[PDB]
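Let me begin by presenting the structure, written as structure tokens, before commenting on it.
Where a number appears in this text, it was derived from the coordinates with a stated rule and is not lab data. FYI the Cβ positions are ideal-geometry reconstructions off the backbone, even for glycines, and counts take in every protein chain you see.
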Amino acid sequence: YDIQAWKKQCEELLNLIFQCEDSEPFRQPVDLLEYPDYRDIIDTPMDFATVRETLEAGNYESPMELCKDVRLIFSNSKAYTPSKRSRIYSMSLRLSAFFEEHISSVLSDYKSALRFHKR
Ligand SMILES: O=C(O)c1ccc2ncsc2c1
């Protein structure tokens, strides 16, 4: 019933993601010199370094807010890809399955801790 435990759990999950080869296209902001039309398609850029910085600055109040920004990385890849068979989109799909399998328990434990506090 530890209400603060999600923060270290999210830091450790981001460490695993940065070790995965599939995260390489998503670690830093998409390079606008390599992809000059990117901001004609994508309104709100997001990347894992920005998520980690926001966490470490104390600017997430809940793991749900972190989960919204990581899901934006994946939805931006799906909206920008020219093919649902592309290399970089195929990487985003595998990474999203890994993220979703690991974030599940973080969110369940946090919500359980809040309910116990409110009891
Ligand atoms: O060139 C592609 O296939 C492609 C697909 C998704 C994507 N997400 C950020 S950069 C990028 C490039």
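Below 8 Å between Cα atoms, with a sequence gap of 6+, how large is the relative contact order for the chain in percent?
39
What nm distance separates the two modelled labels at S105 and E61, each placed 7 Å from Cα along Cα→Cβ?
2.8
Tabulate in residue order the Karplus-calculated ³J(HN,Hα) for region 41-57, using 6.51 cos²θ - 1.76 cosθ + 1.60 with θ = phi - 60°, rounded to whole Hz; enter x for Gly and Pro.
With coefficients 6.51, -1.76 and 1.60, one gets 9, 9, 7, 10, x, 8, 7, 5, 4, 5, 4, 4, 4, 4, 4, 5, 7 Hz.
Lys and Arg at +1, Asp and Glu at -1: add these up for the other residues within a Cβ distance under 12 Å of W6 and post the number.
-3
Could you tell me the distance between the Cα centroids of region 18-34 and region 41-88, to the nearest Å?
One Cα centre to the other: 11 Å.
Tell me the mean residue ellipticity at 222 nm calculated for the chain from its helices only (DSSP H runs of n ≥ 4, each -39500 (n - 2.57), averaged over every residue, nearest 500). If you can, show how the numbers build up before the last one.
Details: 5 runs with 77 residues, N = 119.
Roughly -21500 deg cm²/dmol at 222 nm, from the helical runs in the chain.
Return the single residue from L32, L66, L93 with maximal mean-square fluctuation; model: Gaussian network over the chain, springs between Cα atoms under 10 Å.
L32
Could you calculate the contour length gain from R119 to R39, that is, 0.36 nm times the residue separation minus the distance between their Cα atoms, to one decimal place in nm?
24.1 nm
At most 16 other C-beta atoms within 10 Å and a DSSP loop state: those are the exposed GluC sites (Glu not before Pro) I care about. Give me the longest piece of the chain that has none.
Free of exposed loop sites, the longest segment is 62-119.
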